[PDB]
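Presented below is the structure to which this report refers.
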Amino acid sequence: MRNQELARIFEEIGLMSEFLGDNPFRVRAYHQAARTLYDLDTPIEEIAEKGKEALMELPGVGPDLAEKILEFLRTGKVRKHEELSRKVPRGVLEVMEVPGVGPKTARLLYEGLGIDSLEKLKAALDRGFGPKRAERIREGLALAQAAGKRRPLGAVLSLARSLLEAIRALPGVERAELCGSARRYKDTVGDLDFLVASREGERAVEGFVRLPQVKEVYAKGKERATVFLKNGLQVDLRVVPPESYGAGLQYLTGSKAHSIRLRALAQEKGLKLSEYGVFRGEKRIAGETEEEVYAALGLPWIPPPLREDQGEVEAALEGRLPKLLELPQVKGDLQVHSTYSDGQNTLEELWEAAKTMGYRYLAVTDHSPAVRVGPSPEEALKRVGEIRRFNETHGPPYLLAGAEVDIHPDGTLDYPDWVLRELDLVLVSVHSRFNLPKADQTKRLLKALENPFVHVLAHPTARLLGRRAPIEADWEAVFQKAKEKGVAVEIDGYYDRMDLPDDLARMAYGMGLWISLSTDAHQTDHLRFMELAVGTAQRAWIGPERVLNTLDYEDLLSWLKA
DNA sequence: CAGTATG
DNA sequence: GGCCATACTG
Ligand SMILES: Nc1nc2c(ncn2[C@H]2CC[C@@H](COP(=O)(O)OP(=O)(O)OP(=O)(O)O)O2)c(=O)[nH]1
Ligand SMILES: [Cl-]
Ligand SMILES: [Cl-]
Ligand SMILES: [Cl-]
Ligand SMILES: [Cl-]
Ligand SMILES: [Mg+2]
Ligand SMILES: [Zn+2]
């Protein structure tokens, strides 16, 4: 998947050019070029070899750039990127890539204290600015390393589907699933753990490695193999035989924590659970399929997302396995963005998208101004009017007229009451001073929670993955205040951010609280990231009950007043 | 070969 | 650290 390879090269030029001080319109132009190119689904292979006017249908794309997608896909390299690299060390680049730093600051620092690489930094670090801004940099350095090479799930997912077809449709591959971290729907992944049911695996493994998505081979076999892709990632393979495919799936999905409560049950029940089967003596009492095993250990098939050793095993033993949301059930997205703000879409495009998707509704929750220091209280009203007066010049689904409203530090909101009144949906989510002590930052959220027009609490922790640690608050008390005001909480399925995450999502929902689900979609493709959130719901043990997205337009609306 | 790391 | 099968070091 070399759409990364390109979007990579864009953002690079951006960062150097920005650093060097050239035109800021070209500059953002690249950043946005990469940001769609990274999150496309279909491949550039094609439209590259399909003329240019179809290539510019992609948002952010144009001529000046177009002639670079030439330079690249057509002719290989990128002349400007070279010329920039010539003037700007990779040393220094890694300095911008440091969260907190970034071009300007990076320049500042370089002309300030000749800082030109990471070690250069780390030293200086150990000795305008501010002593927070500086310790903010440290914090970044950390997450940088601390996160380190683990990727977010959706940043690869369609690529792990990409493979699975490829793997299934090899010769000598009867069945095959993606397992491990990805099948468990954990927010972050380290590697793709695959399984393959095969008698003859030395045509499996042998031709596994021979796939066009491989850079380097690291390990071969006849029952297994490791690979390090062109993109960076590691995908393993295991090859249990057909009679065992079920235990195969179990072992290769784990988790370690979960698979250990399991094997223990086999022990204390006179049995032996492996990656091959479950046994009494040499007789395999299960393996053929995965339920057929779980049933063999006296349990009701547990869902990957629950496989953590956090309750699932215990609850299985009473039939008390909870009822979970399913992608089927979701009747709408509850945060997307249009061209009234950072979104890239007209409303038609957004509509048509929700239709094919098969939603009953959709909120077009653009941003209040407390973000790009658009829309104005007035342009808010007009927007609402355009929407409402758009709504009835079209069928269903129904575009709710909504807004992601910033919280002010005091806890006041970023539009006024007077506006809020006219909205269908009211999101609220911080984008500002993320680091105040837990319980003063807790005031803030409660102080936000005081307004009664407030519907959802959007991407609550502000967590940007590998870029910003969650924010710090007494959630205990927050969701408390949100239960007792009829206020919902968001799972934001966008891959780079997943507020609410698994462990907070569970807590809340099982505090009595409702839940909003969304993709924060800024381009049409981003809608796909729904099940990402549903997946993450399921892991927080959540049923369709008390999920605003599982209501129907009307009902929801009804709820929206009460 | 056992002893240890590893998925 | 509670598991059970394997591949690598020695
Ligand atoms: N029985 C047993 N199985 C294990 C052990 N360690 C790992 N496994 C299984 C469970 C998960 C599976 C896949 O390997 P990974 O750890 O790479 O995958 P993951 O656990 O989902 O997370 P990630 O892919 O991000 O690492 O290997 C162990 O000590 N015993
Ligand atoms: Cl985690
Ligand atoms: Cl339904
Ligand atoms: Cl007011
Ligand atoms: Cl009113
Ligand atoms: Mg692994
Ligand atoms: Zn947002």
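To be explicit about the labels: the chains of the structure tokens are called A, B, and onward in the order shown, and within each one the residues are counted from 1, while ligands get numbers from 1 in the order they are shown.
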**Report entry** 12 Å contacts from chain A to chain B using only C-alpha atoms (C1' of nucleotides), as a list in words
**Finding:** residues 179, 180, 191, 192, 193, 194, 195, 224, 225, 226, 235, 236, 237, 238, 248, 251, 252, 253, 254, 255, 256 and 275 of chain A
Dump as a PDB file, in the first residue's frame, selection limited to C-alpha atoms:
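Everything below was put into out.pdb:
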```pdb
ATOM      1  CA  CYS A 179      -6.429 -12.789  14.263  1.00  0.00           C
ATOM      2  CA  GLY A 180      -4.558 -11.404  17.266  1.00  0.00           C
ATOM      3  CA  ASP A 191       1.683  -6.697  13.893  1.00  0.00           C
ATOM      4  CA  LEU A 192      -0.809  -8.637  11.857  1.00  0.00           C
ATOM      5  CA  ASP A 193      -1.376 -12.135  13.243  1.00  0.00           C
ATOM      6  CA  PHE A 194      -2.786 -14.439  10.540  1.00  0.00           C
ATOM      7  CA  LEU A 195      -3.872 -18.107  10.544  1.00  0.00           C
ATOM      8  CA  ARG A 224       4.936 -20.636   9.703  1.00  0.00           C
ATOM      9  CA  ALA A 225       6.719 -17.426   8.501  1.00  0.00           C
ATOM     10  CA  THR A 226       7.443 -13.714   9.419  1.00  0.00           C
ATOM     11  CA  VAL A 235       2.709  -9.782   9.499  1.00  0.00           C
ATOM     12  CA  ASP A 236       3.209 -13.268  10.859  1.00  0.00           C
ATOM     13  CA  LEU A 237       1.763 -16.580   9.635  1.00  0.00           C
ATOM     14  CA  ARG A 238       0.818 -19.854  11.421  1.00  0.00           C
ATOM     15  CA  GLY A 248      -5.689 -22.337  15.558  1.00  0.00           C
ATOM     16  CA  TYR A 251      -4.401 -19.541  19.976  1.00  0.00           C
ATOM     17  CA  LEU A 252      -3.668 -16.938  17.276  1.00  0.00           C
ATOM     18  CA  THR A 253      -6.325 -14.607  18.598  1.00  0.00           C
ATOM     19  CA  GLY A 254      -5.358 -15.105  22.215  1.00  0.00           C
ATOM     20  CA  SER A 255      -5.159 -12.862  24.036  1.00  0.00           C
ATOM     21  CA  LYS A 256      -2.358 -14.221  26.219  1.00  0.00           C
ATOM     22  CA  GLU A 275      -3.523 -24.546  19.158  1.00  0.00           C
TER      23      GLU A 275
END
```
*asked:* Residues of chain A within 12 Å of chain C, counting only C-alpha atoms (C1' of nucleotides) - could you list those as a PyMOL selection string?
replied: chain A and resi 219-221+223-225+238+240+248+251+254-267+272-278
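Take the candidates A:343, A:377, A:148, A:535 and check each one against ligand 7 using only C-alpha atoms and all ligand atoms; the shortest distance goes to A:343.
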Shortest contact to ligand 2, candidates A:227, A:189, A:233, A:488, atoms counted only C-alpha atoms and all ligand atoms, goes to A:189
Which residues are near ligand 5 - at most 12 Å, using only C-alpha atoms (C1' of nucleotides) and all ligand atoms? Format: as a count of residues only. 13
inquiry  = I need the helix (DSSP H, G or I) residues of segment 161-393 of chain A per DSSP on the backbone, written as a VMD selection string.
reply    = chain A and resid 161 to 168 180 to 183 204 to 208 242 to 253 256 to 268 290 to 297 304 to 306 312 to 316 327 to 329 347 to 357 377 to 391
Print the selection's residues with C-alpha atoms to a file, as a short mmCIF file (atom, residue, chain, number, x, y, z; two decimals), in the first residue's frame.
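Saved the output as result-v2.cif:
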```cif
data_model
loop_
_atom_site.label_atom_id
_atom_site.label_comp_id
_atom_site.auth_asym_id
_atom_site.auth_seq_id
_atom_site.Cartn_x
_atom_site.Cartn_y
_atom_site.Cartn_z
CA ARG A 161 -8.19 -7.29 4.36
CA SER A 162 -6.13 -6.65 1.22
CA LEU A 163 -3.91 -9.56 2.30
CA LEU A 164 -6.55 -11.95 3.61
CA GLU A 165 -8.18 -12.29 0.27
CA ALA A 166 -4.72 -12.74 -1.27
CA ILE A 167 -3.87 -15.43 1.37
CA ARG A 168 -7.19 -17.22 1.14
CA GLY A 180 -4.56 -11.40 17.27
CA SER A 181 -4.77 -7.73 18.05
CA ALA A 182 -6.72 -6.93 14.86
CA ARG A 183 -9.50 -9.47 15.38
CA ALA A 204 1.20 -21.86 2.07
CA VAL A 205 4.30 -20.46 3.84
CA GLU A 206 6.59 -20.73 0.80
CA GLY A 207 4.30 -18.55 -1.42
CA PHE A 208 3.11 -16.47 1.59
CA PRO A 242 -7.74 -28.42 8.88
CA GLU A 243 -8.95 -30.50 11.89
CA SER A 244 -7.44 -27.89 14.22
CA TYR A 245 -8.39 -24.62 12.46
CA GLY A 246 -10.62 -23.77 15.43
CA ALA A 247 -7.96 -24.04 18.13
CA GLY A 248 -5.69 -22.34 15.56
CA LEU A 249 -8.02 -19.39 15.62
CA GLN A 250 -8.18 -19.48 19.39
CA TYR A 251 -4.40 -19.54 19.98
CA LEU A 252 -3.67 -16.94 17.28
CA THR A 253 -6.32 -14.61 18.60
CA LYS A 256 -2.36 -14.22 26.22
CA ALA A 257 -4.46 -13.18 29.21
CA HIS A 258 -7.60 -14.77 27.80
CA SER A 259 -5.99 -17.91 26.38
CA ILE A 260 -4.48 -18.57 29.85
CA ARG A 261 -7.83 -18.56 31.72
CA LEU A 262 -8.94 -20.94 28.98
CA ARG A 263 -6.08 -23.44 29.12
CA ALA A 264 -6.53 -23.38 32.95
CA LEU A 265 -10.18 -24.49 32.59
CA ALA A 266 -8.97 -27.41 30.46
CA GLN A 267 -6.54 -28.25 33.30
CA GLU A 268 -8.99 -28.20 36.24
CA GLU A 290 -14.04 -22.44 17.13
CA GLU A 291 -17.41 -22.69 18.79
CA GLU A 292 -17.00 -26.46 18.67
CA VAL A 293 -14.05 -25.93 21.05
CA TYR A 294 -15.44 -23.22 23.40
CA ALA A 295 -18.44 -25.51 23.75
CA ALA A 296 -15.95 -28.30 24.51
CA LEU A 297 -14.63 -26.30 27.56
CA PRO A 304 -12.81 -11.58 20.06
CA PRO A 305 -13.46 -8.04 21.42
CA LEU A 306 -14.30 -9.52 24.80
CA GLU A 312 -15.74 -12.63 29.78
CA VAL A 313 -14.52 -16.03 31.09
CA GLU A 314 -16.45 -15.71 34.37
CA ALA A 315 -19.63 -14.40 32.75
CA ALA A 316 -19.47 -17.21 30.11
CA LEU A 327 -22.87 -2.93 12.82
CA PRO A 328 -26.32 -3.78 11.49
CA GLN A 329 -27.95 -1.82 14.36
CA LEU A 347 -23.92 18.68 1.89
CA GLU A 348 -25.08 16.70 -1.15
CA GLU A 349 -21.91 14.68 -1.07
CA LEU A 350 -22.37 14.06 2.63
CA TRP A 351 -26.01 13.06 2.10
CA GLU A 352 -25.41 10.71 -0.81
CA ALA A 353 -22.69 9.09 1.20
CA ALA A 354 -25.04 8.33 4.18
CA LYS A 355 -27.60 6.94 1.84
CA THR A 356 -25.40 4.29 0.21
CA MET A 357 -24.02 3.64 3.70
CA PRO A 377 -22.82 33.00 15.31
CA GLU A 378 -24.63 34.46 12.27
CA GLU A 379 -23.05 32.11 9.70
CA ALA A 380 -24.10 29.48 12.19
CA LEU A 381 -27.72 30.55 11.79
CA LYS A 382 -27.50 30.72 8.01
CA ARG A 383 -25.92 27.28 8.01
CA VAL A 384 -28.83 25.92 10.09
CA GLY A 385 -31.15 27.61 7.63
CA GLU A 386 -29.35 26.18 4.60
CA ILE A 387 -29.52 22.71 6.13
CA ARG A 388 -33.16 22.93 7.27
CA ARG A 389 -34.10 24.44 3.88
CA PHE A 390 -31.88 21.80 2.23
CA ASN A 391 -33.52 19.05 4.26
#
```
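Residue nearest ligand 7 within the list A:397, A:512, A:298, A:460: A:460 [criterion: smallest interatomic distance, only C-alpha atoms and all ligand atoms].
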Practice problem: Check which residues fall inside 10 Å of ligand 3 when counting only C-alpha atoms (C1' of nucleotides) and all ligand atoms, and print them as a PyMOL selection string. | Solution: chain A and resi 325-331+544+550-552
Run DSSP on the backbone and grab whatever in segment 191-375 of chain A lands in strand (DSSP E or B); send it over as a PyMOL selection string. chain A and resi 192-195+197+214-219+224-229+234-238+272-273+278-280+283-286+332-333+336+361-363+366-367
Set the cut-off to 8 Å, count only C-alpha atoms (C1' of nucleotides) and all ligand atoms, and list whatever residues fall near ligand 2 as a CSV table (one decimal) with C-alpha atoms, in the first residue's frame.
```
chain,number,residue,atom,x,y,z
A,186,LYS,CA,-7.7,-3.2,20.1
A,187,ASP,CA,-7.2,0.4,19.2
A,188,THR,CA,-3.4,0.0,18.6
```
List every residue of chain A that has an atom at most 12 Å from any atom of ligand 7, and for each one report the closest atom pair and its distance in Å to one decimal, counting only C-alpha atoms and all ligand atoms, with rows sorted by chain and then by increasing residue number, as JSON lines.
```
{"residue": "A:334", "atom": "CA", "partner": "ligand 7", "partner_atom_place_in_ligand_line": "1 (Zn)", "distance": 11.9}
{"residue": "A:335", "atom": "CA", "partner": "ligand 7", "partner_atom_place_in_ligand_line": "1 (Zn)", "distance": 8.7}
{"residue": "A:336", "atom": "CA", "partner": "ligand 7", "partner_atom_place_in_ligand_line": "1 (Zn)", "distance": 9.3}
{"residue": "A:337", "atom": "CA", "partner": "ligand 7", "partner_atom_place_in_ligand_line": "1 (Zn)", "distance": 9.4}
{"residue": "A:341", "atom": "CA", "partner": "ligand 7", "partner_atom_place_in_ligand_line": "1 (Zn)", "distance": 11.2}
{"residue": "A:342", "atom": "CA", "partner": "ligand 7", "partner_atom_place_in_ligand_line": "1 (Zn)", "distance": 10.0}
{"residue": "A:343", "atom": "CA", "partner": "ligand 7", "partner_atom_place_in_ligand_line": "1 (Zn)", "distance": 10.8}
{"residue": "A:365", "atom": "CA", "partner": "ligand 7", "partner_atom_place_in_ligand_line": "1 (Zn)", "distance": 9.4}
{"residue": "A:366", "atom": "CA", "partner": "ligand 7", "partner_atom_place_in_ligand_line": "1 (Zn)", "distance": 9.0}
{"residue": "A:367", "atom": "CA", "partner": "ligand 7", "partner_atom_place_in_ligand_line": "1 (Zn)", "distance": 7.8}
{"residue": "A:368", "atom": "CA", "partner": "ligand 7", "partner_atom_place_in_ligand_line": "1 (Zn)", "distance": 10.4}
{"residue": "A:370", "atom": "CA", "partner": "ligand 7", "partner_atom_place_in_ligand_line": "1 (Zn)", "distance": 11.3}
{"residue": "A:371", "atom": "CA", "partner": "ligand 7", "partner_atom_place_in_ligand_line": "1 (Zn)", "distance": 9.3}
{"residue": "A:403", "atom": "CA", "partner": "ligand 7", "partner_atom_place_in_ligand_line": "1 (Zn)", "distance": 10.2}
{"residue": "A:404", "atom": "CA", "partner": "ligand 7", "partner_atom_place_in_ligand_line": "1 (Zn)", "distance": 6.9}
{"residue": "A:405", "atom": "CA", "partner": "ligand 7", "partner_atom_place_in_ligand_line": "1 (Zn)", "distance": 9.1}
{"residue": "A:406", "atom": "CA", "partner": "ligand 7", "partner_atom_place_in_ligand_line": "1 (Zn)", "distance": 9.0}
{"residue": "A:407", "atom": "CA", "partner": "ligand 7", "partner_atom_place_in_ligand_line": "1 (Zn)", "distance": 11.7}
{"residue": "A:427", "atom": "CA", "partner": "ligand 7", "partner_atom_place_in_ligand_line": "1 (Zn)", "distance": 9.4}
{"residue": "A:428", "atom": "CA", "partner": "ligand 7", "partner_atom_place_in_ligand_line": "1 (Zn)", "distance": 9.1}
{"residue": "A:429", "atom": "CA", "partner": "ligand 7", "partner_atom_place_in_ligand_line": "1 (Zn)", "distance": 7.1}
{"residue": "A:430", "atom": "CA", "partner": "ligand 7", "partner_atom_place_in_ligand_line": "1 (Zn)", "distance": 8.4}
{"residue": "A:431", "atom": "CA", "partner": "ligand 7", "partner_atom_place_in_ligand_line": "1 (Zn)", "distance": 7.8}
{"residue": "A:432", "atom": "CA", "partner": "ligand 7", "partner_atom_place_in_ligand_line": "1 (Zn)", "distance": 11.5}
{"residue": "A:457", "atom": "CA", "partner": "ligand 7", "partner_atom_place_in_ligand_line": "1 (Zn)", "distance": 10.8}
{"residue": "A:458", "atom": "CA", "partner": "ligand 7", "partner_atom_place_in_ligand_line": "1 (Zn)", "distance": 7.4}
{"residue": "A:459", "atom": "CA", "partner": "ligand 7", "partner_atom_place_in_ligand_line": "1 (Zn)", "distance": 6.7}
{"residue": "A:460", "atom": "CA", "partner": "ligand 7", "partner_atom_place_in_ligand_line": "1 (Zn)", "distance": 9.5}
{"residue": "A:461", "atom": "CA", "partner": "ligand 7", "partner_atom_place_in_ligand_line": "1 (Zn)", "distance": 10.8}
{"residue": "A:462", "atom": "CA", "partner": "ligand 7", "partner_atom_place_in_ligand_line": "1 (Zn)", "distance": 8.1}
{"residue": "A:463", "atom": "CA", "partner": "ligand 7", "partner_atom_place_in_ligand_line": "1 (Zn)", "distance": 10.6}
{"residue": "A:464", "atom": "CA", "partner": "ligand 7", "partner_atom_place_in_ligand_line": "1 (Zn)", "distance": 10.4}
{"residue": "A:490", "atom": "CA", "partner": "ligand 7", "partner_atom_place_in_ligand_line": "1 (Zn)", "distance": 11.0}
{"residue": "A:491", "atom": "CA", "partner": "ligand 7", "partner_atom_place_in_ligand_line": "1 (Zn)", "distance": 11.6}
{"residue": "A:492", "atom": "CA", "partner": "ligand 7", "partner_atom_place_in_ligand_line": "1 (Zn)", "distance": 8.8}
{"residue": "A:493", "atom": "CA", "partner": "ligand 7", "partner_atom_place_in_ligand_line": "1 (Zn)", "distance": 11.3}
{"residue": "A:494", "atom": "CA", "partner": "ligand 7", "partner_atom_place_in_ligand_line": "1 (Zn)", "distance": 9.7}
{"residue": "A:496", "atom": "CA", "partner": "ligand 7", "partner_atom_place_in_ligand_line": "1 (Zn)", "distance": 11.1}
{"residue": "A:497", "atom": "CA", "partner": "ligand 7", "partner_atom_place_in_ligand_line": "1 (Zn)", "distance": 9.3}
{"residue": "A:498", "atom": "CA", "partner": "ligand 7", "partner_atom_place_in_ligand_line": "1 (Zn)", "distance": 10.9}
{"residue": "A:499", "atom": "CA", "partner": "ligand 7", "partner_atom_place_in_ligand_line": "1 (Zn)", "distance": 10.1}
{"residue": "A:518", "atom": "CA", "partner": "ligand 7", "partner_atom_place_in_ligand_line": "1 (Zn)", "distance": 10.6}
{"residue": "A:519", "atom": "CA", "partner": "ligand 7", "partner_atom_place_in_ligand_line": "1 (Zn)", "distance": 9.9}
{"residue": "A:520", "atom": "CA", "partner": "ligand 7", "partner_atom_place_in_ligand_line": "1 (Zn)", "distance": 6.6}
{"residue": "A:521", "atom": "CA", "partner": "ligand 7", "partner_atom_place_in_ligand_line": "1 (Zn)", "distance": 9.6}
{"residue": "A:522", "atom": "CA", "partner": "ligand 7", "partner_atom_place_in_ligand_line": "1 (Zn)", "distance": 9.9}
```
Selection from above, C-alpha atoms, as a compact mmCIF listing (two decimals), in the first residue's frame, can you write it?
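Output saved as out12.txt:
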```
# COMPACT_ATOMS: atom_id res chain seq x y z
CA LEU A 334 -23.09 11.39 14.98
CA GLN A 335 -20.27 13.67 13.89
CA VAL A 336 -19.04 14.54 10.42
CA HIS A 337 -17.75 17.69 8.81
CA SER A 341 -15.42 24.30 8.56
CA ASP A 342 -12.39 21.99 8.12
CA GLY A 343 -14.61 19.36 6.37
CA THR A 365 -21.34 18.83 13.21
CA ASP A 366 -18.96 21.53 11.99
CA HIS A 367 -16.65 23.40 14.39
CA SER A 368 -17.23 26.49 16.47
CA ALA A 370 -12.47 28.19 19.11
CA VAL A 371 -10.30 26.10 16.78
CA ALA A 403 -21.93 21.53 15.85
CA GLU A 404 -18.72 20.53 17.64
CA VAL A 405 -18.49 23.32 20.19
CA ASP A 406 -15.28 24.00 22.02
CA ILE A 407 -15.09 24.27 25.77
CA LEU A 427 -21.30 18.38 20.60
CA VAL A 428 -18.80 19.59 23.16
CA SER A 429 -15.16 18.65 23.26
CA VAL A 430 -12.03 20.38 24.44
CA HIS A 431 -9.27 21.56 22.07
CA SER A 432 -7.40 23.67 24.55
CA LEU A 457 -19.63 14.88 24.89
CA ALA A 458 -17.41 14.41 21.86
CA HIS A 459 -14.05 12.73 21.66
CA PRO A 460 -13.79 13.17 25.40
CA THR A 461 -10.14 12.63 26.28
CA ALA A 462 -8.66 14.43 23.25
CA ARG A 463 -6.30 11.48 22.93
CA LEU A 464 -4.42 11.70 19.65
CA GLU A 490 -18.84 9.73 22.23
CA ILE A 491 -16.83 6.95 20.76
CA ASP A 492 -14.98 8.64 17.95
CA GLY A 493 -14.02 5.92 15.55
CA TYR A 494 -11.48 7.99 13.64
CA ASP A 496 -5.90 8.53 15.01
CA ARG A 497 -8.04 9.24 18.02
CA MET A 498 -10.41 6.95 19.81
CA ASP A 499 -12.12 8.87 22.52
CA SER A 518 -19.09 8.72 15.13
CA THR A 519 -16.29 8.85 12.62
CA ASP A 520 -15.42 12.58 12.76
CA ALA A 521 -15.37 12.10 9.06
CA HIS A 522 -13.75 14.96 7.19
```
